[PDB]
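For reference, the structure discussed in these notes is given below.
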Amino acid sequence: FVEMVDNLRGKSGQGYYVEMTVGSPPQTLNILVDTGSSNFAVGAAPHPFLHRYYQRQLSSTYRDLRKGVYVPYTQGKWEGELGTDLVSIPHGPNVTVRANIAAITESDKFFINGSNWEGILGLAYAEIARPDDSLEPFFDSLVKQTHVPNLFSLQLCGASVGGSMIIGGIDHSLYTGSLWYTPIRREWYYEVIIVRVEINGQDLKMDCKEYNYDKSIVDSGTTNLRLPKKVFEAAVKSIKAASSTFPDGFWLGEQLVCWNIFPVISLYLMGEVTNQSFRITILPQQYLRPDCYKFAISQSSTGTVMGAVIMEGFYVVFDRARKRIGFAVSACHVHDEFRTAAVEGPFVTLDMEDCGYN
Ligand SMILES: Cc1cccc(-c2ccc([C@@H]3C[C@@H]3c3cc(=O)n(C)c(N)n3)cc2)c1
């Protein structure tokens, strides 16, 4: 899948985007790759910050679904007008598909002043599609209308950033060692189960249910590694102890600071087999973001969010066909001379089911 290697671009902190075309003739747009949502939505009006937008009036293949959508989220929101049209991906598979498209008509704190993307591609499942599961997501529509295998993978590499979205398969050149797989728990977000956490090899020893309170997901849409309040509290306390060789606001992402004094962080994830897990390990070069750095770990109320902090350490395979997600050491991650990002197993971990939440 070399046709698709390096098909992702971005600016530090503004997400990864992939080139797409909408309509006939085809209108090129940059679209942010978001495994944390399920809507395909593009700017359709001349917002001041946009470089380009979907002009439905120029598209012969556009169809109106005569319905609107309102997507509040943490801060702020987008609204748009539902329709369908022919979507293609220049550096993806050689296909065209009729997909649902929210034409974004009003917006608040959604588009970024400075960025180079004007739409979002939600890669998660129908269950969290807006306004409801009846709105078939792009990838569901892709697989239905073609022989493209039900699978995609991302290697996020990280002003300018880059990466690869391999649609329909796996590019082995993008990783080293073996892939290890965690089960997708429920097909809405990409939910998984964290079974253990270690800072510099030292278990946090928390009820593992607290690691998935009330959710843990894989989110290319997030920059941070985001932990639930309790966990993060313990997480940071332990990171602080490890790093005894900084002001409290910093740890809270209220201020900035300006490698080896820092502890590697390990997540054990539920394995494919009963009482079996594996672990992914990241370096400070990953949770310390650019000499001023931001502490890229942060408390959360929505659960654990495995964002670019995690994802930029690994080649991540979203194997929808088998309801599972694989992690491999990324052949691009930034590592120094001593520590390296790692994916290791198997381990024996009892009672992994209990780490889940209901
Ligand atoms: C990394 C980055 C930078 C700038 C903007 C975003 C971004 C902005 C909006 C969204 C749309 C609302 C849905 C959404 C909201 C949201 O809060 N998250 C974490 C995700 N993954 N998706 C998704 C991602 C993401």
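Going by the structure tokens order, chains are called A, B, ..., each with residues numbered from 1, while ligands are numbered from 1 in the order shown.
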>> Show me which residues are within 6 Å of ligand 1 counting only C-alpha atoms and all ligand atoms, and format the list as an MDAnalysis selection string.
In response: chainID A and resid 13:15 34 36:37 73:74 110 219 221:223
Given only C-alpha atoms, how would the per-residue table for segment 245-272 of chain A near segment 164-183 of chain A read, listing every residue at most 8 Å away with its closest atom pair and distance in Å to one decimal, sorted by chain and number, as JSON lines?
```
{"residue": "A:269", "atom": "CA", "partner": "A:182", "partner_atom": "CA", "distance": 6.2}
{"residue": "A:270", "atom": "CA", "partner": "A:182", "partner_atom": "CA", "distance": 5.5}
{"residue": "A:271", "atom": "CA", "partner": "A:182", "partner_atom": "CA", "distance": 5.1}
{"residue": "A:272", "atom": "CA", "partner": "A:182", "partner_atom": "CA", "distance": 6.0}
```
Store the residues picked out above in a file with C-alpha atoms, as a short mmCIF file (atom, residue, chain, number, x, y, z; two decimals), in the first residue's frame.
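The result, stored in out-v4.cif:
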```
data_model
loop_
_atom_site.label_atom_id
_atom_site.label_comp_id
_atom_site.auth_asym_id
_atom_site.auth_seq_id
_atom_site.Cartn_x
_atom_site.Cartn_y
_atom_site.Cartn_z
CA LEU A 269 -4.38 -4.00 27.54
CA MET A 270 -6.70 -6.99 27.50
CA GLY A 271 -5.26 -9.64 25.21
CA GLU A 272 -6.98 -11.88 22.68
#
```
>> Show me, as a PyMOL selection string, the residues that have an atom within 9 Å of residue 122 of chain A when counting only C-alpha atoms, minus same-chain residues fewer than 4 positions from it.
In response: chain A and resi 32-41+129+137-139
Please save N, CA and C atoms of the selected residues as a PDB file, in the first residue's frame.
```
ATOM      1  N   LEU A  32      -9.740  15.998   8.474  1.00  0.00           N
ATOM      2  CA  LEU A  32      -9.140  15.498   9.692  1.00  0.00           C
ATOM      3  C   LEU A  32      -9.624  14.093  10.013  1.00  0.00           C
ATOM      4  N   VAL A  33      -8.664  13.223  10.292  1.00  0.00           N
ATOM      5  CA  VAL A  33      -8.916  11.818  10.554  1.00  0.00           C
ATOM      6  C   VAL A  33      -9.253  11.611  12.034  1.00  0.00           C
ATOM      7  N   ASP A  34     -10.508  11.283  12.329  1.00  0.00           N
ATOM      8  CA  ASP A  34     -10.955  11.235  13.718  1.00  0.00           C
ATOM      9  C   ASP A  34     -11.553   9.875  14.131  1.00  0.00           C
ATOM     10  N   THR A  35     -10.763   9.018  14.773  1.00  0.00           N
ATOM     11  CA  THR A  35     -11.294   7.711  15.184  1.00  0.00           C
ATOM     12  C   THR A  35     -12.214   7.828  16.407  1.00  0.00           C
ATOM     13  N   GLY A  36     -12.366   9.055  16.893  1.00  0.00           N
ATOM     14  CA  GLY A  36     -13.188   9.321  18.058  1.00  0.00           C
ATOM     15  C   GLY A  36     -14.612   9.748  17.740  1.00  0.00           C
ATOM     16  N   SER A  37     -14.950   9.870  16.458  1.00  0.00           N
ATOM     17  CA  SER A  37     -16.312  10.226  16.070  1.00  0.00           C
ATOM     18  C   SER A  37     -16.684   9.479  14.807  1.00  0.00           C
ATOM     19  N   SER A  38     -17.923   9.631  14.347  1.00  0.00           N
ATOM     20  CA  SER A  38     -18.466   8.772  13.305  1.00  0.00           C
ATOM     21  C   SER A  38     -19.152   9.522  12.157  1.00  0.00           C
ATOM     22  N   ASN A  39     -19.081  10.844  12.177  1.00  0.00           N
ATOM     23  CA  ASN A  39     -19.683  11.653  11.121  1.00  0.00           C
ATOM     24  C   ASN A  39     -18.682  12.130  10.090  1.00  0.00           C
ATOM     25  N   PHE A  40     -19.075  12.072   8.822  1.00  0.00           N
ATOM     26  CA  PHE A  40     -18.327  12.749   7.773  1.00  0.00           C
ATOM     27  C   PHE A  40     -18.980  14.117   7.580  1.00  0.00           C
ATOM     28  N   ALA A  41     -18.247  15.172   7.912  1.00  0.00           N
ATOM     29  CA  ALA A  41     -18.789  16.528   7.927  1.00  0.00           C
ATOM     30  C   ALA A  41     -17.766  17.493   7.323  1.00  0.00           C
ATOM     31  N   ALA A 129     -22.993   7.979  15.868  1.00  0.00           N
ATOM     32  CA  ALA A 129     -23.255   8.882  14.753  1.00  0.00           C
ATOM     33  C   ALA A 129     -24.414   9.825  15.072  1.00  0.00           C
ATOM     34  N   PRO A 137     -21.941   5.574   8.590  1.00  0.00           N
ATOM     35  CA  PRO A 137     -20.652   6.273   8.536  1.00  0.00           C
ATOM     36  C   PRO A 137     -19.847   5.920   7.293  1.00  0.00           C
ATOM     37  N   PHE A 138     -18.918   6.800   6.943  1.00  0.00           N
ATOM     38  CA  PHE A 138     -18.169   6.680   5.698  1.00  0.00           C
ATOM     39  C   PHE A 138     -17.577   5.292   5.476  1.00  0.00           C
ATOM     40  N   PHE A 139     -16.900   4.766   6.494  1.00  0.00           N
ATOM     41  CA  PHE A 139     -16.206   3.503   6.351  1.00  0.00           C
ATOM     42  C   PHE A 139     -17.178   2.325   6.211  1.00  0.00           C
TER      43      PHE A 139
END
```
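Taking only C-alpha atoms into account, residue 149 of chain A lies nearest to A:93 out of the set A:206, A:20, A:93, A:316.
The nearest approach to residue 240 of chain A among the residues A:190, A:213, A:295, A:62, with only C-alpha atoms taken into account, belongs to A:295.
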>> Can you pull out the residues contacting residue 258 of chain A? Cut-off 8 Å, using only C-alpha atoms, and skip same-chain residues under 2 positions away; I want them as an MDAnalysis selection string.
In response: chainID A and resid 256 291:293
Would you mind exporting the chosen residues as a compact mmCIF listing (two decimals), in the first residue's frame, restricted to C-alpha atoms?
```txt
# COMPACT_ATOMS: atom_id res chain seq x y z
CA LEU A 256 5.03 25.14 30.54
CA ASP A 291 12.84 24.91 24.80
CA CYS A 292 9.34 24.75 26.33
CA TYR A 293 7.31 21.58 26.76
```
>> Going by DSSP on the backbone, which residues of segment 209-279 of chain A come out as alpha helix (DSSP H)? List them as an MDAnalysis selection string.
In response: chainID A and resid 229:242 248:251
Next, write the just-selected residues to a file, as a compact mmCIF listing (two decimals), in the first residue's frame, keeping N, CA, C and O atoms as the atom set.
```txt
# COMPACT_ATOMS: atom_id res chain seq x y z
N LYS A 229 -9.93 11.02 36.43
CA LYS A 229 -9.47 11.85 37.54
C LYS A 229 -8.61 11.09 38.55
O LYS A 229 -7.45 11.45 38.79
N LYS A 230 -9.19 10.03 39.13
CA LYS A 230 -8.51 9.19 40.12
C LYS A 230 -7.16 8.66 39.64
O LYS A 230 -6.14 8.83 40.31
N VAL A 231 -7.18 8.02 38.47
CA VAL A 231 -6.00 7.42 37.86
C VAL A 231 -4.91 8.44 37.64
O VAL A 231 -3.77 8.24 38.05
N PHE A 232 -5.28 9.54 36.98
CA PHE A 232 -4.35 10.63 36.67
C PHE A 232 -3.71 11.16 37.95
O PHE A 232 -2.51 11.46 38.02
N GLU A 233 -4.54 11.28 38.98
CA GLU A 233 -4.06 11.70 40.27
C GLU A 233 -2.90 10.82 40.73
O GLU A 233 -1.84 11.33 41.08
N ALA A 234 -3.12 9.50 40.71
CA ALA A 234 -2.10 8.53 41.10
C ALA A 234 -0.97 8.47 40.08
O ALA A 234 0.22 8.47 40.43
N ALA A 235 -1.35 8.39 38.81
CA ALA A 235 -0.41 8.52 37.71
C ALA A 235 0.62 9.61 37.99
O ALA A 235 1.81 9.33 38.10
N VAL A 236 0.15 10.84 38.15
CA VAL A 236 1.03 11.99 38.31
C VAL A 236 1.85 11.94 39.58
O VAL A 236 3.05 12.22 39.56
N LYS A 237 1.21 11.61 40.70
CA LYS A 237 1.94 11.45 41.95
C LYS A 237 3.17 10.56 41.74
O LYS A 237 4.28 10.94 42.11
N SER A 238 2.96 9.40 41.12
CA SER A 238 4.04 8.46 40.80
C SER A 238 5.05 8.99 39.78
O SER A 238 6.25 8.71 39.87
N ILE A 239 4.58 9.74 38.79
CA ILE A 239 5.49 10.35 37.83
C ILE A 239 6.35 11.38 38.54
O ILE A 239 7.53 11.51 38.25
N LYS A 240 5.74 12.11 39.47
CA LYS A 240 6.46 13.09 40.27
C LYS A 240 7.58 12.43 41.10
O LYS A 240 8.72 12.89 41.07
N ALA A 241 7.24 11.36 41.81
CA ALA A 241 8.22 10.61 42.60
C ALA A 241 9.38 10.10 41.76
O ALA A 241 10.54 10.20 42.14
N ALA A 242 9.05 9.53 40.61
CA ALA A 242 10.06 9.02 39.70
C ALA A 242 11.01 10.15 39.31
O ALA A 242 12.21 9.94 39.14
N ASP A 248 3.00 22.92 40.41
CA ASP A 248 1.79 22.10 40.26
C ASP A 248 0.93 22.43 39.04
O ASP A 248 0.29 21.55 38.45
N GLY A 249 0.89 23.71 38.66
CA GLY A 249 0.16 24.12 37.48
C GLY A 249 0.64 23.38 36.24
O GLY A 249 -0.15 23.00 35.38
N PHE A 250 1.95 23.17 36.16
CA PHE A 250 2.53 22.44 35.04
C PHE A 250 1.92 21.05 34.82
O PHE A 250 1.49 20.71 33.71
N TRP A 251 1.92 20.25 35.88
CA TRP A 251 1.36 18.90 35.85
C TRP A 251 -0.11 18.94 35.45
O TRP A 251 -0.66 17.95 34.97
```
List as a PDB file with N, CA, C and O atoms, in the first residue's frame the protein and nucleic acid residues near residue 107 of chain A, meaning an atom at most 12 Å away when only C-alpha atoms are counted, but skip any in the same chain fewer than 3 places from it.
```pdb
ATOM      1  N   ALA A  41     -18.247  15.172   7.912  1.00  0.00           N
ATOM      2  CA  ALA A  41     -18.789  16.528   7.927  1.00  0.00           C
ATOM      3  C   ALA A  41     -17.766  17.493   7.323  1.00  0.00           C
ATOM      4  O   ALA A  41     -16.603  17.439   7.660  1.00  0.00           O
ATOM      5  N   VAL A  42     -18.190  18.356   6.413  1.00  0.00           N
ATOM      6  CA  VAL A  42     -17.280  19.325   5.801  1.00  0.00           C
ATOM      7  C   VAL A  42     -17.843  20.757   5.825  1.00  0.00           C
ATOM      8  O   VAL A  42     -19.049  20.953   5.701  1.00  0.00           O
ATOM      9  N   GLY A  43     -16.973  21.753   5.987  1.00  0.00           N
ATOM     10  CA  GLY A  43     -17.376  23.142   5.854  1.00  0.00           C
ATOM     11  C   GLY A  43     -17.985  23.389   4.475  1.00  0.00           C
ATOM     12  O   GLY A  43     -17.394  23.017   3.453  1.00  0.00           O
ATOM     13  N   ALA A  44     -19.170  24.002   4.439  1.00  0.00           N
ATOM     14  CA  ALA A  44     -19.904  24.200   3.177  1.00  0.00           C
ATOM     15  C   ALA A  44     -20.232  25.667   2.903  1.00  0.00           C
ATOM     16  O   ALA A  44     -20.972  25.982   1.983  1.00  0.00           O
ATOM     17  N   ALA A  45     -19.671  26.548   3.718  1.00  0.00           N
ATOM     18  CA  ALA A  45     -19.925  27.976   3.669  1.00  0.00           C
ATOM     19  C   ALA A  45     -18.561  28.614   3.850  1.00  0.00           C
ATOM     20  O   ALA A  45     -17.679  27.993   4.447  1.00  0.00           O
ATOM     21  N   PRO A  46     -18.369  29.843   3.338  1.00  0.00           N
ATOM     22  CA  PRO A  46     -17.068  30.524   3.389  1.00  0.00           C
ATOM     23  C   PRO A  46     -16.711  31.053   4.771  1.00  0.00           C
ATOM     24  O   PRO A  46     -16.664  32.268   4.961  1.00  0.00           O
ATOM     25  N   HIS A  47     -16.467  30.153   5.721  1.00  0.00           N
ATOM     26  CA  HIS A  47     -15.893  30.538   7.003  1.00  0.00           C
ATOM     27  C   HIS A  47     -14.541  31.171   6.704  1.00  0.00           C
ATOM     28  O   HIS A  47     -13.803  30.714   5.826  1.00  0.00           O
ATOM     29  N   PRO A  48     -14.240  32.266   7.403  1.00  0.00           N
ATOM     30  CA  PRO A  48     -13.006  33.043   7.286  1.00  0.00           C
ATOM     31  C   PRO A  48     -11.713  32.235   7.457  1.00  0.00           C
ATOM     32  O   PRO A  48     -10.720  32.569   6.803  1.00  0.00           O
ATOM     33  N   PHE A  49     -11.715  31.213   8.311  1.00  0.00           N
ATOM     34  CA  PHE A  49     -10.504  30.412   8.576  1.00  0.00           C
ATOM     35  C   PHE A  49     -10.244  29.277   7.600  1.00  0.00           C
ATOM     36  O   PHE A  49      -9.153  28.713   7.602  1.00  0.00           O
ATOM     37  N   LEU A  50     -11.253  28.940   6.798  1.00  0.00           N
ATOM     38  CA  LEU A  50     -11.176  27.846   5.836  1.00  0.00           C
ATOM     39  C   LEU A  50     -10.422  28.237   4.572  1.00  0.00           C
ATOM     40  O   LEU A  50     -10.541  29.359   4.093  1.00  0.00           O
ATOM     41  N   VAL A  69     -28.460  18.643  11.318  1.00  0.00           N
ATOM     42  CA  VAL A  69     -27.734  18.012  12.430  1.00  0.00           C
ATOM     43  C   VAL A  69     -27.116  19.033  13.362  1.00  0.00           C
ATOM     44  O   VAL A  69     -26.596  20.056  12.921  1.00  0.00           O
ATOM     45  N   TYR A  70     -27.132  18.743  14.653  1.00  0.00           N
ATOM     46  CA  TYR A  70     -26.574  19.676  15.613  1.00  0.00           C
ATOM     47  C   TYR A  70     -25.664  18.906  16.532  1.00  0.00           C
ATOM     48  O   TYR A  70     -26.106  18.024  17.260  1.00  0.00           O
ATOM     49  N   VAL A  71     -24.386  19.244  16.493  1.00  0.00           N
ATOM     50  CA  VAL A  71     -23.391  18.478  17.213  1.00  0.00           C
ATOM     51  C   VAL A  71     -22.681  19.315  18.271  1.00  0.00           C
ATOM     52  O   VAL A  71     -21.573  19.805  18.041  1.00  0.00           O
ATOM     53  N   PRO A  72     -23.333  19.492  19.427  1.00  0.00           N
ATOM     54  CA  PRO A  72     -22.590  20.080  20.536  1.00  0.00           C
ATOM     55  C   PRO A  72     -21.550  19.067  20.955  1.00  0.00           C
ATOM     56  O   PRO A  72     -21.766  17.847  20.845  1.00  0.00           O
ATOM     57  N   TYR A  73     -20.417  19.566  21.413  1.00  0.00           N
ATOM     58  CA  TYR A  73     -19.469  18.738  22.119  1.00  0.00           C
ATOM     59  C   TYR A  73     -18.853  19.657  23.159  1.00  0.00           C
ATOM     60  O   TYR A  73     -19.324  20.785  23.342  1.00  0.00           O
ATOM     61  N   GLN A  75     -16.719  21.856  23.670  1.00  0.00           N
ATOM     62  CA  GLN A  75     -16.659  23.270  23.305  1.00  0.00           C
ATOM     63  C   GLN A  75     -15.902  23.378  21.984  1.00  0.00           C
ATOM     64  O   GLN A  75     -14.685  23.154  21.936  1.00  0.00           O
ATOM     65  N   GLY A  76     -16.612  23.730  20.916  1.00  0.00           N
ATOM     66  CA  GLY A  76     -18.005  24.125  21.002  1.00  0.00           C
ATOM     67  C   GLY A  76     -18.923  23.193  20.239  1.00  0.00           C
ATOM     68  O   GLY A  76     -19.277  22.129  20.742  1.00  0.00           O
ATOM     69  N   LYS A  77     -19.305  23.587  19.028  1.00  0.00           N
ATOM     70  CA  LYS A  77     -20.265  22.812  18.238  1.00  0.00           C
ATOM     71  C   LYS A  77     -20.166  23.022  16.723  1.00  0.00           C
ATOM     72  O   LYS A  77     -19.577  23.998  16.256  1.00  0.00           O
ATOM     73  N   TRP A  78     -20.739  22.088  15.971  1.00  0.00           N
ATOM     74  CA  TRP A  78     -21.040  22.327  14.558  1.00  0.00           C
ATOM     75  C   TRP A  78     -22.482  21.919  14.186  1.00  0.00           C
ATOM     76  O   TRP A  78     -23.089  21.082  14.836  1.00  0.00           O
ATOM     77  N   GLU A  79     -23.032  22.561  13.161  1.00  0.00           N
ATOM     78  CA  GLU A  79     -24.339  22.202  12.647  1.00  0.00           C
ATOM     79  C   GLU A  79     -24.178  22.125  11.159  1.00  0.00           C
ATOM     80  O   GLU A  79     -23.298  22.767  10.596  1.00  0.00           O
ATOM     81  N   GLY A  80     -25.038  21.366  10.504  1.00  0.00           N
ATOM     82  CA  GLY A  80     -24.927  21.238   9.072  1.00  0.00           C
ATOM     83  C   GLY A  80     -26.184  20.672   8.488  1.00  0.00           C
ATOM     84  O   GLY A  80     -27.170  20.490   9.194  1.00  0.00           O
ATOM     85  N   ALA A 103     -23.094  18.829   5.485  1.00  0.00           N
ATOM     86  CA  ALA A 103     -22.537  20.090   5.021  1.00  0.00           C
ATOM     87  C   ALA A 103     -22.567  21.081   6.179  1.00  0.00           C
ATOM     88  O   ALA A 103     -23.638  21.535   6.584  1.00  0.00           O
ATOM     89  N   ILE A 104     -21.396  21.394   6.734  1.00  0.00           N
ATOM     90  CA  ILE A 104     -21.342  22.197   7.954  1.00  0.00           C
ATOM     91  C   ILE A 104     -21.690  23.652   7.684  1.00  0.00           C
ATOM     92  O   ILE A 104     -20.990  24.346   6.943  1.00  0.00           O
ATOM     93  N   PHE A 110     -14.851  25.081  16.438  1.00  0.00           N
ATOM     94  CA  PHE A 110     -14.592  23.851  15.708  1.00  0.00           C
ATOM     95  C   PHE A 110     -13.437  23.923  14.697  1.00  0.00           C
ATOM     96  O   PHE A 110     -12.498  23.135  14.759  1.00  0.00           O
ATOM     97  N   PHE A 111     -13.490  24.895  13.793  1.00  0.00           N
ATOM     98  CA  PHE A 111     -12.432  25.067  12.802  1.00  0.00           C
ATOM     99  C   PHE A 111     -11.290  25.819  13.469  1.00  0.00           C
ATOM    100  O   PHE A 111     -11.517  26.696  14.310  1.00  0.00           O
ATOM    101  N   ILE A 112     -10.058  25.486  13.112  1.00  0.00           N
ATOM    102  CA  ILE A 112      -8.930  26.167  13.733  1.00  0.00           C
ATOM    103  C   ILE A 112      -8.343  27.278  12.876  1.00  0.00           C
ATOM    104  O   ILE A 112      -7.945  27.065  11.730  1.00  0.00           O
ATOM    105  N   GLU A 118     -10.526  21.492   6.372  1.00  0.00           N
ATOM    106  CA  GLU A 118     -11.841  22.106   6.366  1.00  0.00           C
ATOM    107  C   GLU A 118     -12.976  21.083   6.580  1.00  0.00           C
ATOM    108  O   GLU A 118     -14.143  21.387   6.372  1.00  0.00           O
ATOM    109  N   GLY A 119     -12.630  19.878   7.017  1.00  0.00           N
ATOM    110  CA  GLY A 119     -13.636  18.873   7.327  1.00  0.00           C
ATOM    111  C   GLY A 119     -13.162  17.813   8.293  1.00  0.00           C
ATOM    112  O   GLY A 119     -11.972  17.738   8.626  1.00  0.00           O
TER     113      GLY A 119
END
```
> Tell me, which residues of segment 178-323 of chain A carry DSSP strand (DSSP E), written as number ranges by chain?
Replying inline: A: 178-183, 194-199, 202-203, 216-218, 225-228, 265-270, 276-282, 288-289, 294-295, 297-300, 304-306, 314-319
Per-residue nearest contacts of segment 216-270 of chain A to segment 341-350 of chain A (9 Å; only C-alpha atoms) as a Markdown table:
```
| residue | atom | partner | partner_atom | distance |
| --- | --- | --- | --- | --- |
| A:264 | CA | A:341 | CA | 8.6 |
| A:266 | CA | A:342 | CA | 8.9 |
| A:268 | CA | A:347 | CA | 8.8 |
| A:270 | CA | A:349 | CA | 8.4 |
```
Take the residues that were just selected and, keeping N, CA, C and O atoms, output them as a CSV table (one decimal), in the first residue's frame.
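Saved file out-v3.csv follows:
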```
chain,number,residue,atom,x,y,z
A,264,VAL,N,9.3,5.9,31.9
A,264,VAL,CA,8.4,5.3,30.8
A,264,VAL,C,7.1,5.0,31.4
A,264,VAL,O,7.0,4.7,32.6
A,266,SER,N,3.7,2.5,31.0
A,266,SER,CA,3.2,1.3,30.4
A,266,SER,C,1.7,1.0,30.6
A,266,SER,O,1.2,1.1,31.7
A,268,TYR,N,-1.0,-2.0,30.1
A,268,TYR,CA,-1.4,-3.3,29.7
A,268,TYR,C,-2.8,-3.3,29.2
A,268,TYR,O,-3.7,-2.7,29.9
A,270,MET,N,-6.1,-5.7,27.6
A,270,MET,CA,-6.7,-7.0,27.5
A,270,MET,C,-6.2,-7.7,26.2
A,270,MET,O,-6.3,-7.1,25.2
```
Just want the 9 Å neighbourhood of residue 334 of chain A, counted on only C-alpha atoms, with same-chain residues fewer than 5 positions away dropped. Output as a compact mmCIF listing (two decimals) with N, CA and C atoms, in the first residue's frame.
```txt
# COMPACT_ATOMS: atom_id res chain seq x y z
N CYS A 157 3.14 10.04 12.87
CA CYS A 157 4.56 10.25 13.09
C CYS A 157 4.90 11.54 13.83
N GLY A 158 4.03 12.53 13.74
CA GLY A 158 4.33 13.82 14.34
C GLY A 158 5.49 14.49 13.62
N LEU A 283 7.66 6.67 25.90
CA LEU A 283 8.72 7.46 26.52
C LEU A 283 8.26 8.90 26.79
N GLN A 285 9.58 11.46 25.56
CA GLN A 285 9.57 12.10 24.26
C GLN A 285 8.17 12.06 23.66
N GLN A 286 7.23 11.44 24.37
CA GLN A 286 5.89 11.23 23.85
C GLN A 286 4.84 11.91 24.67
N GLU A 312 1.29 7.96 18.57
CA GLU A 312 2.53 8.30 17.86
C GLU A 312 3.70 7.40 18.26
N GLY A 313 3.47 6.51 19.22
CA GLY A 313 4.46 5.51 19.58
C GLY A 313 4.28 4.21 18.82
N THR A 340 13.19 2.86 24.28
CA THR A 340 12.45 2.79 23.04
C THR A 340 11.02 2.48 23.37
N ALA A 341 10.09 2.88 22.52
CA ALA A 341 8.69 2.53 22.70
C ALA A 341 8.60 1.04 22.44
```
